[PDB]
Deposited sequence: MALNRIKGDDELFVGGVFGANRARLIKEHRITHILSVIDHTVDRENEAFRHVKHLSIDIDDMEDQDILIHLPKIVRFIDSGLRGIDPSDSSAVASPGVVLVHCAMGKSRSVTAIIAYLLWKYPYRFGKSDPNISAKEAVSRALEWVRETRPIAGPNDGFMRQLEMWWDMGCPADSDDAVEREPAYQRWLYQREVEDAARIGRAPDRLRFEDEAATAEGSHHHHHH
């Protein structure tokens, strides 16, 4: 499945077999796909012909640098949701292979950047580890297999402690 993240955003997460299923793209009216994995959409299929696509080539390994990508990732998700000429808010799918580690890390980076007070921005003994954990448990409410690898978890803590700097 492609699961919808809890909250007010039309934001979805899943793995590669779901992200390739035209039927699911159409069911959820997905307009934007962020592949946190090397990926090419099938533009010969009407369901994908006009989707806005970004692919980042990264593996699901603890030594992979995903922090470097998080500003671009967050800007892609936010601009696809807000639709920025009249704005046309979109529906964003973030996927990887399993919908477990790479894509979930990207979603958590966006959630920490957009909703810092939800994840503790000032209980003053809020640690980065606790903020990231709360965002992971938020994702797990609709994507229970979610679980970034240990290196991605560390980098999400770096992201939080850097103040989630998504500006270009």
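A.B. asks: Compare the deposited sequence with the modelled residues and state the ranges that are missing C-alpha positions.
C.D. replies: Gaps in the modelled chain, taken against the deposited sequence, lie at 1, 86-91, 176-225.
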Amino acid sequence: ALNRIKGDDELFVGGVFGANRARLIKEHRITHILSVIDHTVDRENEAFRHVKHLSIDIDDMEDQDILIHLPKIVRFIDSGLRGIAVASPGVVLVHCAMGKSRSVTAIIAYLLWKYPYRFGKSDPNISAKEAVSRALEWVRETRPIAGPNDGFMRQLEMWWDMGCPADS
From here on, numbers count along this sequence of modelled residues.
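A.B. asks: Would you mind comparing 47-55 and 64-72 for me and telling me which has the higher average C-alpha temperature factor in the entry?
C.D. replies: Higher mean C-alpha B-factor: 47-55.
A.B. asks: 159-167 versus 3-11: which one carries the higher mean Cα B factor per the record?
C.D. replies: Result: 159-167.
A.B. asks: Kindly indicate the residue among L111, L34, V41, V104 with the greatest C-alpha B-factor in the PDB record.
C.D. replies: The record points to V41.
A.B. asks: Out of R118, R29, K100, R140, whose C-alpha atom has the biggest B factor in the entry?
C.D. replies: Answer for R118, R29, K100, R140: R118, with the highest C-alpha B-factor.
A.B. asks: Quick check on the deposited entry: does the C-alpha B-factor of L93 sit in the lowest, middle or highest third of its chain?
C.D. replies: For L93, whose C-alpha B-factor we compare with every modelled residue in the chain, the answer is the lowest third.
A.B. asks: Lowest, middle or highest third of the chain for the C-alpha temperature factor of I126?
C.D. replies: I126: CA B-factor falls in the highest third of its chain.
A.B. asks: Could you say whether, by C-alpha temperature factor, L81 belongs to the lowest, middle or highest third of its chain?
C.D. replies: Middle third, going by the recorded CA B-factors of the chain.
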